[PDB]
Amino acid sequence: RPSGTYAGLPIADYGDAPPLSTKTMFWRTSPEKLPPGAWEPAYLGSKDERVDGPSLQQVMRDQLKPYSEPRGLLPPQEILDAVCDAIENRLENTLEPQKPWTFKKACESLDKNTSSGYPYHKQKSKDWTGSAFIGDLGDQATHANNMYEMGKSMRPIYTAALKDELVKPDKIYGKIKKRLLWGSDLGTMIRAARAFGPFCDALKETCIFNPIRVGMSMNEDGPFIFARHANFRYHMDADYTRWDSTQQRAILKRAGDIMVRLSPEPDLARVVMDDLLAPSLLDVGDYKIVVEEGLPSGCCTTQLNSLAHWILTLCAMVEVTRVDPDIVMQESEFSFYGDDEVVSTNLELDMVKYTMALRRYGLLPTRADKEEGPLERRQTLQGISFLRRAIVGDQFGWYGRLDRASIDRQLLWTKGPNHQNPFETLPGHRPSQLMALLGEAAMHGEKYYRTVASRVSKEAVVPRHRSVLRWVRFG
């Protein structure tokens, strides 16, 4: 029945999480050595041969601290109110009304390759028949669904984890850092997917017309989305640091009012929503801690986080320019995917005050240069980035071009089963991935593609440069 603080946060109970994984899924594609510049998978803990560093638990503690930090301020009530209304008005106008989700659809929509979280901590497939859940997950899922249909509350229990992904060298060999993941429990996933799966489908259908850019295909949808943005005189990217842990529950509650209101079973979704926003129970292994503020990375949450982003951005804009939110929306094009943003506007936005305002809400915008100061607006869209592609304009139009280093990386590394040493190579010589690479290399001109296609060829239908450029850009 423990007590006290763990990493600045109140302890609620003993934890049930199994230990943090010390394994990576990335494998080198060749045995050849790697320059000291190259990205490698994030730190693997005590057992990590590359560097003797701190414990994984220590690394997670360092991630949890920002959630203990004092919130920034709320935007002035009247602005928050007018922004929330304007946003949800916009969505009422564009969103196609939906059928409620069944338990069957909810269960289908779940990613079967990830852990079911508390209490069973098991890969979802392991109890999946192909069309239903059985055994343990079947019970948990059947239970969660009854509570959801009854409008009864259930406390989510997230399982803390650290992201296995490629990071730049100083994250491994300098100050070691690893991204915190919140793994929802199955019951929560089922309740959230019934409540809000409709909103998500509806929202996915309008990824071109609305600023929540989730669902967008970079190749097919990119050039339209960018052309839209190019109609506006000024363009910017706030590029936030620690978005998730700086969120305010008060802002997320407004985002959640919107989702709820626009759902086909709003009384049922209300309960789920309130459950998702109540102080979060996080299992860090030793303990389950209560985290009252910030955003939980677990479950829908990508849309809730984009809504919140839209709310925040529009508040700063309304505050500085004094223009009504729906008018700001008339004179503006926004792109959001959680923390990621492009904002284009015809309005004469004061950058110093816009930045002041975002910092006042407790957000941490950052400059391109990494120097302190006001946010920078440009009169060209070229240069601004979104979803890891750089936005380029040419005689034929606007497109998203992934940078060289991202492409090089996908050559150097591949996914496989979990293992302890990232440099061990995978025996056996992935064409689906190899195709899309050649595509991305095409957008970079003559010299670069010819050195990529060379490497690709060594990994043993590889056409000419302009013959794939035209494929990936147009038909």
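Sequential numbering from 1, following the sequence displayed. We call the rigid core the largest set of C-alpha positions that still match within 1.5 Å between the two forms.
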Stretch farther from shown form by Cα RMS in 8 other deposited structures of this protein, picked from 361-369 and 95-103 after core fit, is 361-369
395-403 against 177-185 - segment lying farther from this form in 8 other deposited structures of this protein (CA RMS, rigid core fit):
395-403
Unresolved deposited residues in the interval that joins residue 299 and residue 300:
1 to 3
According to the PDB record, deposited residues with no modelled atoms between residue 429 and residue 430 number 1 to 3
Pick between 190-198 and 377-385: the one whose mean CA B-factor in the entry is higher.
377-385
345-353 versus 215-223 - greater average Cα B-factor per the deposited record
215-223
From 63, 420, 410, 57, residue of greatest CA B-factor
410
By the entry's values, the third containing the CA B factor of residue 370 is the highest
Taking the C-alpha B-factors as the PDB entry records them, is residue 9 in the lowest, middle or highest third of its chain?
lowest
Sorting the chain's CA B-factors, does residue 209 end up in the lowest, middle or highest third?
highest
Residue 457: CA B-factor among chain residues, third -> highest
Could you place residue 395 in the lowest, middle or highest third of its chain by Cα temperature factor, using the values in the record?
highest
